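1. everything below, folded, please.
(one chain, ligands or ions: 3)
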Amino acid sequence: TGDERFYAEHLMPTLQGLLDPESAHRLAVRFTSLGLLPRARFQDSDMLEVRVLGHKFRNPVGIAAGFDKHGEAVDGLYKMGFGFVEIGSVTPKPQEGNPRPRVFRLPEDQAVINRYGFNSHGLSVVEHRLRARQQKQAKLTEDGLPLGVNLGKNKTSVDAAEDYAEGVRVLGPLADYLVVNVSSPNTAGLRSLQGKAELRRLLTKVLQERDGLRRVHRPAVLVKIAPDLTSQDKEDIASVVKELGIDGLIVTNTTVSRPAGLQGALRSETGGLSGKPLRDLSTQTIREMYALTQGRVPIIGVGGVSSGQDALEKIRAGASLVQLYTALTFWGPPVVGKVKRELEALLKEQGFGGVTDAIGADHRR
Ligand SMILES: Cc1cc2nc3c(=O)[nH]c(=O)nc-3n(C[C@H](O)[C@H](O)[C@H](O)COP(=O)(O)O)c2cc1C
Ligand SMILES: COc1cccc(-c2cc(F)c(NC(=O)Nc3cncs3)c(F)c2)c1
Ligand SMILES: O=C(O)c1cc(=O)[nH]c(=O)[nH]1
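-> Numbers count the residues shown, from 1 in each chain. Ligands and ions are numbered 1, 2, ... in the order given. Dropping the coordinates below:
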């Protein structure tokens, strides 16, 4: 479309030339929360519909956690054409995160590095914000537009499991699914929650708390993992997920690795790397996790998705749904309709009746 080319070639590069990435982020959230958007003309066709996690998803393209950390722009994100929205990560108490600057653009790599450090309005603020639109969300969900909430841990928390449990109790009743984020590269000690004994204990507590919620307010629980795990780590996660009956996996968060070939001047900043250099690392992690769980655990695939081809590669690797974030920062709102339109065309070209038929297709070749 003309909007796609206009955003990608004119509007977005101009905004990027004028604003540091954090200011750009804050502006994006503001414009989105106000519905000031090109408003996609793409009608979701039936072949993009997916049923998973106890819900219908009108299309399989979601906005990844971190864009709307505090639940301020949920409705504008659906207007942008996302099939589902994940907010967060949200921590129990409000916290400021790391000192600025803490977000860095690598335009030559179509990548971002961030070290926000879980800046969060906290559970109470987000709870009230979601309560104010709770019935509007119930309608959206019923119409195939579910809401996910991603939970984090405070920097000074003395008991990680109790932080997550508090999030389940407070935001679980407002969410279609919850994500236990044990994969931020930007909170000391967080990723070691991915180890076997620690993960089993943590997830047992989260699931107990979830199961204690009333039936209509009981969300699916997913675990979001890093792309930097050892083979042993991945095996252990797969085993725990199956033992406890975890509902799904989100694969993957940002990477602390710095792949050979990064060109951006800021490539050596501390933080998680997202965008194109993460893409195939994430796809391969999806492929491994799908195999280790025998295709029985739904996976949301995320990392470097910017086109229908990228989305379909993750779906064929084993993802039931995909998310993007970094691509929005480069291409702007029209990227959402672009991914959906290209995905539909490719499904047709590859002889799939719909997204559902393509899930895990590479493992059946
Ligand atoms: C600026 C920024 C902030 C993020 N914040 C969070 C977060 O709070 N919680 C989370 O689980 N993931 C967070 N992520 C990770 C994204 O959800 C996603 O896993 C990752 O960026 C890979 O997708 P992408 O390549 O499409 O950006 C963040 C990513 C970025 C770039
Ligand atoms: C009508 O025009 C619109 C409407 C709605 C949204 C945008 C829009 C603008 C932007 F500057 C960005 N960029 C970022 O958020 N950068 C970053 C986010 N997190 C780390 S860096 C965006 F993603 C979207 C433009
Ligand atoms: O807040 C952050 O720093 C953050 C959290 C997360 O889960 N992933 C990420 O890349 N950054």
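
2. please make it C-alpha for all contacts and neighbour counts, starting now.
-> Noted.

3. most centrally placed residue in this protein?
-> Centrality entry for the chain: nearest residue to the mean C-alpha point is residue 64, 2.6 Å, by CA atoms, centre = their mean.

4. quick one: the strands in the stretch 251-365 of the chain?
-> Under the criterion DSSP state E, counting those that start in this stretch, the stretch 251-365 of the chain contains strands at 272-275, 299-302, 321-324.

5. tally of neighbours for residue 360?
-> Neighbour count of residue 360, defined by other CA atoms under 10 Å: 22.

6. that older thread, let me know which of the strands of the stretch 251-365 of the chain is the nearest to residue 42.
-> Of all the strands of the stretch 251-365 of the chain, it is strand 321-324 that lies closest to residue 42, at 17.8 Å by CA to CA.

7. can you give the distance of the closest one from its chain's centre?
-> Its chain's C-alpha centre lies 7 Å from the corresponding centre of strand 321-324 when counted by CA atoms, centre = their mean, to the nearest Å.

8. check the gap between the residue in the stretch 1-150 of the chain positioned nearest to ligand 2 and ligand 3 for me.
-> Nearest to ligand 2, among the residues of the stretch 1-150 of the chain, is residue 25, at 3.5 Å (CA to the nearest ligand atom). Separation of residue 25 from ligand 3 (CA to the nearest ligand atom, to the nearest Å): 13 Å.

9. what sits against that residue?
-> Counting by CA atoms under 8 Å, 6 or more residues apart in numbering, residue 25 touches residue 67.

10. let me see the backbone angles for the residue nearest to residue 48 when sequence neighbours are not counted.
-> In space, and not counting its chain neighbours, residue 48 is closest to residue 59: 4.8 Å by CA to CA, 6 or more residues apart in numbering. Main-chain dihedrals, residue 59, degrees, to the nearest 10: phi -150, psi 160.

11. measure how buried residue 59 is and give me the count.
-> Neighbour number of residue 59 under other CA under 10 Å is 24.

12. you'd agree it is up against residue 83?
-> Yes - counting by CA atoms under 8 Å, residue 83 is a contact partner of residue 59 at 4.6 Å.

13. and the residue of the stretch 51-200 of the chain found nearest ligand 1, helix, strand or coil?
-> Closest contact between the stretch 51-200 of the chain and ligand 1, by CA to the nearest ligand atom, is at residue 66 (3.2 Å). At residue 66 the chain is in coil, as set by DSSP: H, G, I helix; E, B strand; the rest coil.

14. thanks again, I'm all set now.
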